[PDB]
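Next up: just one chain, as structure tokens, the form deposited in one PDB entry.
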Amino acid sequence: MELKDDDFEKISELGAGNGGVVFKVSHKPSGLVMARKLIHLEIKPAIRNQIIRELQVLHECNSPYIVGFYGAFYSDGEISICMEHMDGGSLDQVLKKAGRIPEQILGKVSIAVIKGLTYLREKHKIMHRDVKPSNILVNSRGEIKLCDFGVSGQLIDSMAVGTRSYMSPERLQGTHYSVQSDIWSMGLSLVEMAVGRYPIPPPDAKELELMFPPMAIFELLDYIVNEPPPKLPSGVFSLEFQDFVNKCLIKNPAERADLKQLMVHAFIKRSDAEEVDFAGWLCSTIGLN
């Protein structure tokens, strides 16, 4: 079915960030509950047709680790991307309510992210460009999926920040970056969710006793590229998980691990075997089922 503006009704507000909000909505003709992202773009009528055309590849992006797609269209001033509604929300939201996320839970998350990035690269020959806690969605069925990836080249152009960067050192410095940049973003996201707050700058010795102002714009980005990367605090986290994020946060992208090597890492192998009721822990911390 072709999605259309007048066939929708606003239920509630799922959230917002650095632009247009996304609503919980009701596609009246199907009765299906969906999430509707609106991206306002002050753009000519020619290239906005190209954006919808390039967004049709999301129909062919079928995967359990990828957020579902129903269709895209231009209403009046803003393009629309309609997707599977994930009742658990994004991982930045569940980190707020949970304080920290257990290492065991982040194991299952890492499996979902690696398999999602792997699907996009092999089947669709594209990178994510925006891996962070807010673009990793979860639901009550226990599913962990990825949204907001770069399928349309024209949309990447039309939207080219925020005071929290998950961008790799190489992407920050210039145009010499590609799929490895996503690995850095994943590693930094995992350190954030494990520790309870954004990892840069790193906590001093005295701050780590409590758990177990904000930086200026240039101050933050200078730390990422020049100062040594964020490690995970020893003792409370296992050696396998410590080495996993260490491999993900190697400044040099060619020296840094890729999806191939991380898939066969000791941390992922152990996490696959583990009996983890992710659906139960998710509903316990946010309160749903």
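Rigid core (definition): largest C-alpha set, two forms, superposition within 1.5 Å. Position 1 is the first residue in the sequence shown; the rest follow in order.
**Q** Please say, as none, 1 to 3, 4 to 9, or 10 or more, how many residues of the deposited sequence are without coordinates in the interval between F212 and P213.
**A** The entry leaves 10 or more residues without coordinates here.
**Q** Would you class the number of unmodelled deposited residues between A205 and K206 as none, 1 to 3, 4 to 9, or 10 or more?
**A** Nothing is missing.
**Q** Higher mean Cα B-factor in the deposited model: 131 to 139 or 80 to 88?
**A** Stretch with the greater average CA B-factor: 80 to 88.
**Q** Higher mean Cα B-factor in the deposited model: 276 to 284 or 261 to 269?
**A** That would be 276 to 284.
**Q** From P64, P45, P253, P29, can you pick the one with the highest C-alpha B factor in the entry?
**A** In the PDB entry, the greatest C-alpha B-factor among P64, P45, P253, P29 is found at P45.
**Q** Which of these has the highest Cα B-factor in the record: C147, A216, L120, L106?
**A** Going by the entry's C-alpha B-factors, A216 comes out highest.
**Q** Tell me, lowest, middle or highest third: where does the Cα B factor of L41 rank within its chain?
**A** According to the entry, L41 has a C-alpha B-factor in the chain's highest third.
**Q** Going by what the PDB entry lists, where does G162 fall on CA B-factor within its chain: lowest, middle or highest third?
**A** Top third by C-alpha B-factor.
**Q** Which third of the chain holds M34 when residues are ordered by C-alpha B factor: lowest, middle or highest?
**A** Within its chain, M34 is a lowest-third residue by C-alpha B-factor, going by the deposited values.
**Q** Which third, lowest, middle or highest, does the C-alpha temperature factor of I156 belong to within its own chain?
**A** Ranked within chain, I156 CA B lands in the highest tercile.
Beyond the structure shown, there is the form deposited in another entry, which is absent from this document and is the topic of what follows.
**Q** Of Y74, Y119, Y198, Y177, which one has a Cα that moves 2 Å or more between this form and the one not shown once the core is lined up?
**A** Shifted by 2 Å or more: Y177 only.
**Q** Against the rigid core, is the Cα displacement of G19 between this form and the one not shown at least 2 Å?
**A** Yes; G19 is a residue whose C-alpha shifts (by 2 Å or more) between this form and the one not shown when the cores are overlaid.
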